[PDB]
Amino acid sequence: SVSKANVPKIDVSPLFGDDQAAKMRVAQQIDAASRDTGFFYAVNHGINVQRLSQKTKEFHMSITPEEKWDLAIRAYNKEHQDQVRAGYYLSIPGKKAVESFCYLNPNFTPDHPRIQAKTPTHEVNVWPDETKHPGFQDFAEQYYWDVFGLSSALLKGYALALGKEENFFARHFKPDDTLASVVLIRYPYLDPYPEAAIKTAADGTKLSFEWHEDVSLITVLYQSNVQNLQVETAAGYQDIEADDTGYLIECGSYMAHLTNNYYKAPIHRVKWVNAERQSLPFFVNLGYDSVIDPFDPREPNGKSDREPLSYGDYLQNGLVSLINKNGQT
């Protein structure tokens, strides 16, 4: 028997406005969700997610094998030693069904001081040929800033929920330095679906991606309408309902660190489902040198002995560890 998680729908539209009490009522809902199973759906978010899905499908369904090698990250193409994060992540027919394309802050150019300094986790995005993929780069860059805007407002809700002033997180989330990323993931329909691409959980469930916590402050996720996610609870894994009109929001492990686990990073996994679908996360990451002072809203004095953690080190370590534990995607 598999139960179903309570995933509240939260109208986040007040977070874009100037009605402070309405913002507090959104914040209370974020607090309640974050203290329960974590996840909530942000609704009334203002982003055209139908166009996001359409433009993403057009890219996934038209990119050629040649273009995939030309854009491939270093894990697939030794010529591309600078691509640890950004680029194409290839499928392996018979072995690995998922494939994806990751891009970073469009302001990371050769002019940017973090690129000049060669700081880890900063890379210049790679893109397919414009004439072969008309409008794709422009769509993808616009989307980065659209979802940046939503995420900034969500971060105001999380700050208010934790008893802070509304810019407590968002002040560290800036277009000039954010390490945030978009990933356009394709999960294919395959007939036959190769068993080598399916993992078996300890509890017997067939999975496409094993349990993990997110490497993020928060994660702002669109998925097409195919149920697949499960969240761990003390009584076992519970199904998260799909909703292709909203964004599924959760805390990542940086939030758990800074709140002394008051808002935990929910453990979750991806069930195997033989269906063509999309998983389009935006990982809300701060800047490389961003440090948030930890606190514990359970203590009267709010004091935490947890050490302040630099975001860039957290991200570097976290992305490597996730690959080591859950496989190169």
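Sequential numbering from 1, following the sequence displayed.
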**OP:** Could you check which stretch, 83-91 or 191-199, carries the larger mean CA temperature factor in the entry?
**Re:** 191-199
**OP:** Report the stretch with the higher mean CA temperature factor, choosing between 57-65 and 300-308 on the basis of the entry.
**Re:** 300-308
Subject >> Deposited CA B-factor, highest of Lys156, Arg186, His212, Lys118 >> reply: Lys118
**OP:** Determine which member of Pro281, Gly287, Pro266, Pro294 has the highest CA B-factor, using the values in the deposited entry.
**Re:** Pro294
Subject >> Third of the chain's Cα B-factor distribution that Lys174 belongs to, per the entry >> reply: lowest
**OP:** Check where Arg277 lands among this chain's C-alpha B-factors and tell me if it's the lowest, middle or highest third.
**Re:** lowest
**OP:** Can you work out whether the C-alpha temperature factor of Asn48 puts it in the lowest, middle or highest third of the chain?
**Re:** middle
Original post:
With respect to C-alpha B-factor, does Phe39 fall in the lowest, middle or highest third of the chain as deposited?
Top reply: middle
**OP:** Check where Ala256 lands among this chain's C-alpha B-factors and tell me if it's the lowest, middle or highest third.
**Re:** middle
